[PDB]
$ cat my_file04.txt   # compact mmCIF, N, CA and C atoms
# COMPACT_ATOMS: atom_id res chain seq x y z
N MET A 1 0.86 -1.19 0.00
CA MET A 1 0.00 0.00 0.00
C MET A 1 0.90 1.24 0.00
N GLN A 2 0.96 2.07 -1.05
CA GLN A 2 1.73 3.29 -1.09
C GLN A 2 0.93 4.21 -0.17
N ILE A 3 1.59 4.94 0.74
CA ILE A 3 1.12 6.02 1.59
C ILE A 3 2.18 7.13 1.47
N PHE A 4 1.73 8.34 1.78
CA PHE A 4 2.43 9.61 1.76
C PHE A 4 2.38 10.19 3.18
N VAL A 5 3.40 10.96 3.52
CA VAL A 5 3.44 11.82 4.68
C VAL A 5 3.94 13.19 4.18
N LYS A 6 3.26 14.22 4.66
CA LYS A 6 3.59 15.61 4.48
C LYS A 6 4.21 16.19 5.75
N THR A 7 5.44 16.68 5.60
CA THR A 7 6.26 17.19 6.68
C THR A 7 6.08 18.71 6.65
N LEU A 8 5.93 19.29 7.83
CA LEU A 8 5.88 20.67 8.26
C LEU A 8 6.66 21.58 7.32
N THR A 9 7.84 21.11 6.92
CA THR A 9 8.85 21.87 6.22
C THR A 9 8.55 21.92 4.71
N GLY A 10 7.68 21.04 4.22
CA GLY A 10 7.28 21.08 2.83
C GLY A 10 7.75 19.85 2.06
N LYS A 11 8.52 18.95 2.67
CA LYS A 11 9.06 17.70 2.16
C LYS A 11 8.05 16.55 2.18
N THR A 12 8.00 15.86 1.04
CA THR A 12 7.00 14.87 0.72
C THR A 12 7.78 13.57 0.88
N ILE A 13 7.26 12.61 1.65
CA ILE A 13 7.95 11.38 1.98
C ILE A 13 6.89 10.32 1.64
N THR A 14 7.30 9.25 0.97
CA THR A 14 6.40 8.15 0.66
C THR A 14 7.03 6.83 1.14
N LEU A 15 6.24 5.84 1.58
CA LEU A 15 6.64 4.55 2.07
C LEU A 15 5.58 3.54 1.60
N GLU A 16 5.99 2.44 0.99
CA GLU A 16 5.19 1.25 0.74
C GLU A 16 5.09 0.54 2.08
N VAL A 17 3.86 0.30 2.53
CA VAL A 17 3.58 -0.29 3.82
C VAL A 17 2.47 -1.30 3.56
N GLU A 18 2.14 -2.07 4.60
CA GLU A 18 1.03 -3.02 4.63
C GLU A 18 0.01 -2.28 5.50
N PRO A 19 -1.30 -2.51 5.41
CA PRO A 19 -2.39 -2.06 6.24
C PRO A 19 -2.42 -2.69 7.63
N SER A 20 -1.95 -3.92 7.87
CA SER A 20 -1.82 -4.55 9.16
C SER A 20 -0.71 -4.00 10.06
N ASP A 21 0.29 -3.25 9.59
CA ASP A 21 1.34 -2.63 10.38
C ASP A 21 0.69 -1.59 11.29
N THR A 22 1.10 -1.66 12.55
CA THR A 22 1.07 -0.57 13.51
C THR A 22 1.53 0.80 13.02
N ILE A 23 0.99 1.89 13.56
CA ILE A 23 1.43 3.23 13.27
C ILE A 23 2.85 3.41 13.82
N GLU A 24 3.23 2.91 14.99
CA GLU A 24 4.48 2.88 15.71
C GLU A 24 5.67 2.30 14.95
N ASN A 25 5.41 1.26 14.16
CA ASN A 25 6.33 0.88 13.11
C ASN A 25 6.74 1.96 12.10
N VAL A 26 5.80 2.70 11.51
CA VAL A 26 6.00 3.71 10.48
C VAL A 26 6.59 5.01 11.03
N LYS A 27 6.61 5.26 12.34
CA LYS A 27 7.32 6.30 13.05
C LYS A 27 8.79 5.89 13.17
N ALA A 28 9.13 4.60 13.29
CA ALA A 28 10.49 4.10 13.37
C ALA A 28 11.06 3.88 11.97
N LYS A 29 10.27 3.56 10.95
CA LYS A 29 10.65 3.56 9.56
C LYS A 29 11.02 4.98 9.15
N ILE A 30 10.47 6.08 9.66
CA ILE A 30 11.05 7.38 9.44
C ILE A 30 12.42 7.53 10.12
N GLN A 31 12.73 6.85 11.23
CA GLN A 31 13.98 7.08 11.93
C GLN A 31 15.09 6.44 11.09
N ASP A 32 14.86 5.28 10.49
CA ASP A 32 15.58 4.58 9.44
C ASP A 32 15.84 5.44 8.20
N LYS A 33 14.79 6.10 7.72
CA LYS A 33 14.76 6.81 6.46
C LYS A 33 15.18 8.29 6.52
N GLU A 34 14.83 9.00 7.58
CA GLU A 34 14.84 10.45 7.56
C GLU A 34 15.45 11.00 8.86
N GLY A 35 15.56 10.12 9.85
CA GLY A 35 16.54 10.28 10.90
C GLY A 35 15.78 10.72 12.16
N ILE A 36 14.46 10.74 12.25
CA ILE A 36 13.64 11.44 13.22
C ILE A 36 13.17 10.42 14.26
N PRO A 37 13.23 10.65 15.57
CA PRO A 37 12.81 9.65 16.53
C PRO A 37 11.30 9.49 16.65
N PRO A 38 10.73 8.34 17.00
CA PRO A 38 9.36 8.13 17.40
C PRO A 38 8.73 9.07 18.43
N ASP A 39 9.49 9.43 19.46
CA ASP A 39 9.14 10.14 20.68
C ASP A 39 8.50 11.52 20.50
N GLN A 40 9.12 12.28 19.59
CA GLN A 40 8.74 13.66 19.37
C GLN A 40 7.84 13.83 18.14
N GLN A 41 7.57 12.72 17.47
CA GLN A 41 6.75 12.62 16.29
C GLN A 41 5.30 12.23 16.59
N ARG A 42 4.30 12.98 16.15
CA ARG A 42 2.88 12.71 16.20
C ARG A 42 2.31 12.80 14.78
N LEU A 43 1.51 11.83 14.36
CA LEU A 43 1.07 11.74 12.99
C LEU A 43 -0.44 12.02 12.94
N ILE A 44 -0.88 12.55 11.80
CA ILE A 44 -2.19 13.13 11.59
C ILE A 44 -2.76 12.50 10.32
N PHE A 45 -4.01 12.03 10.37
CA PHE A 45 -4.89 11.57 9.32
C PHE A 45 -6.33 11.99 9.60
N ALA A 46 -6.90 12.80 8.71
CA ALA A 46 -8.30 13.19 8.65
C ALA A 46 -8.66 14.03 9.88
N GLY A 47 -7.67 14.71 10.43
CA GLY A 47 -7.79 15.62 11.56
C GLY A 47 -7.31 15.01 12.88
N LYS A 48 -7.25 13.68 12.94
CA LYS A 48 -7.11 13.02 14.22
C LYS A 48 -5.61 12.78 14.42
N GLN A 49 -5.15 12.90 15.66
CA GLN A 49 -3.89 12.29 16.06
C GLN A 49 -4.02 10.77 16.15
N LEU A 50 -3.02 10.06 15.64
CA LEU A 50 -3.02 8.62 15.47
C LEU A 50 -2.14 8.09 16.59
N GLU A 51 -2.55 6.97 17.19
CA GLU A 51 -2.28 6.71 18.59
C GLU A 51 -1.67 5.31 18.56
N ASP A 52 -0.92 5.04 19.63
CA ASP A 52 -0.35 3.73 19.93
C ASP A 52 -1.45 2.68 20.08
N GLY A 53 -1.15 1.50 19.54
CA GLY A 53 -1.89 0.31 19.90
C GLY A 53 -2.46 -0.24 18.60
N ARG A 54 -3.03 0.70 17.84
CA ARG A 54 -3.89 0.43 16.71
C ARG A 54 -3.13 0.59 15.39
N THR A 55 -3.76 0.30 14.26
CA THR A 55 -3.19 0.06 12.95
C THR A 55 -3.72 1.00 11.87
N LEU A 56 -3.00 1.12 10.75
CA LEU A 56 -3.48 1.90 9.64
C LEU A 56 -4.87 1.51 9.11
N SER A 57 -5.21 0.22 9.13
CA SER A 57 -6.48 -0.39 8.80
C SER A 57 -7.57 0.19 9.69
N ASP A 58 -7.37 0.31 11.01
CA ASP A 58 -8.40 0.81 11.90
C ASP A 58 -8.88 2.22 11.58
N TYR A 59 -7.90 3.02 11.17
CA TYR A 59 -8.01 4.38 10.71
C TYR A 59 -8.23 4.54 9.19
N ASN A 60 -8.60 3.49 8.47
CA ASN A 60 -9.21 3.36 7.17
C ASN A 60 -8.20 3.72 6.07
N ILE A 61 -6.92 3.88 6.37
CA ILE A 61 -5.74 4.23 5.59
C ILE A 61 -5.62 3.31 4.38
N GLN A 62 -5.34 3.88 3.20
CA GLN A 62 -5.53 3.40 1.85
C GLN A 62 -4.40 3.86 0.92
N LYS A 63 -4.61 3.47 -0.33
CA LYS A 63 -3.90 3.83 -1.55
C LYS A 63 -3.77 5.34 -1.77
N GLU A 64 -2.57 5.87 -1.54
CA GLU A 64 -2.17 7.26 -1.62
C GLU A 64 -2.75 8.13 -0.49
N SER A 65 -3.17 7.60 0.66
CA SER A 65 -3.60 8.32 1.84
C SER A 65 -2.43 9.21 2.27
N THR A 66 -2.64 10.52 2.30
CA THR A 66 -1.74 11.59 2.69
C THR A 66 -1.98 11.88 4.17
N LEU A 67 -0.89 11.76 4.92
CA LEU A 67 -0.83 12.00 6.35
C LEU A 67 0.06 13.21 6.61
N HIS A 68 0.13 13.73 7.83
CA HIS A 68 0.79 14.95 8.23
C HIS A 68 1.58 14.76 9.54
N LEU A 69 2.73 15.41 9.65
CA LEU A 69 3.75 15.03 10.60
C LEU A 69 4.11 16.26 11.44
N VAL A 70 3.62 16.35 12.67
CA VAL A 70 4.02 17.37 13.62
C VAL A 70 5.25 16.91 14.40
N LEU A 71 6.25 17.78 14.41
CA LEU A 71 7.45 17.59 15.20
C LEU A 71 7.19 18.31 16.52
N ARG A 72 7.10 17.58 17.63
CA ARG A 72 7.20 17.99 19.01
C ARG A 72 5.94 18.62 19.60
N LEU A 73 5.38 19.63 18.95
CA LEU A 73 4.19 20.38 19.29
C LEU A 73 3.01 19.43 19.02
N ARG A 74 2.06 19.46 19.93
CA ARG A 74 0.85 18.67 19.90
C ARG A 74 -0.23 19.73 19.64
N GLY A 75 -1.16 19.47 18.71
CA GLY A 75 -1.94 20.60 18.25
C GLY A 75 -1.53 20.87 16.80
N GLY A 76 -1.07 22.08 16.49
CA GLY A 76 -0.75 22.45 15.13
C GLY A 76 -1.69 23.53 14.59

$ encode --input "my_file04.txt" --output "structure tokens"
Amino acid sequence: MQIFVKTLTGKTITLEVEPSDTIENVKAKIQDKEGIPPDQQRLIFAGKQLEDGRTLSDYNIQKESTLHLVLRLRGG
């Protein structure tokens, strides 16, 4: 499943993922890819902050679903 993330700074990041993967996995796949830790990263889909425990499937995440990446600040 191709997914996109939009970073604060204007940088477009894409990752082929599975729908059964945890969101917490894809925060650590950014640490692999782009160097950013899980801890200070909060991810956004359809207005909602996406939370530990649950999966991209639960949050209905699909083919070219664009997500948003807040560094440190909660809110935005």

$ closest_residue --input "my_file04.txt" --among "A:37, A:42, A:6, A:61" --to "residue 74 (chain A)" --atoms "all atoms listed in the file"
A:42

$ atom_distance --input "my_file04.txt" --atom1 "atom C of residue 19 (chain A)" --atom2 "atom C of residue 76 (chain A)"
27.1 Å

$ closest_residue --input "my_file04.txt" --among "A:43, A:30, A:55, A:62" --to "residue 2 (chain A)" --atoms "all atoms listed in the file"
A:62

$ atom_distance --input "my_file04.txt" --atom1 "atom C of residue 39 (chain A)" --atom2 "atom C of residue 65 (chain A)"
21.4 Å

$ atom_distance --input "my_file04.txt" --atom1 "atom N of residue 56 (chain A)" --atom2 "atom N of residue 24 (chain A)"
7.7 Å

$ residues_around --input "my_file04.txt" --residues "residue 70 (chain A)" --least-positions-apart "5" --cutoff "12 Å" --atoms "only C-alpha atoms" --output "PyMOL selection string"
chain A and resi 5-10+27+36+38-45+48-50+75-76

$ closest_residue --input "my_file04.txt" --among "A:34, A:46, A:53, A:64" --to "residue 20 (chain A)" --atoms "only C-alpha atoms"
A:53

$ closest_residue --input "my_file04.txt" --among "A:52, A:57, A:32, A:66" --to "residue 18 (chain A)" --atoms "all atoms listed in the file"
A:57

$ select_by_dssp --input "my_file04.txt" --residues "chain A" --states "alpha helix (DSSP H)" --output "list in words"
residues 23, 24, 25, 26, 27, 28, 29, 30, 31, 32 and 33 of chain A
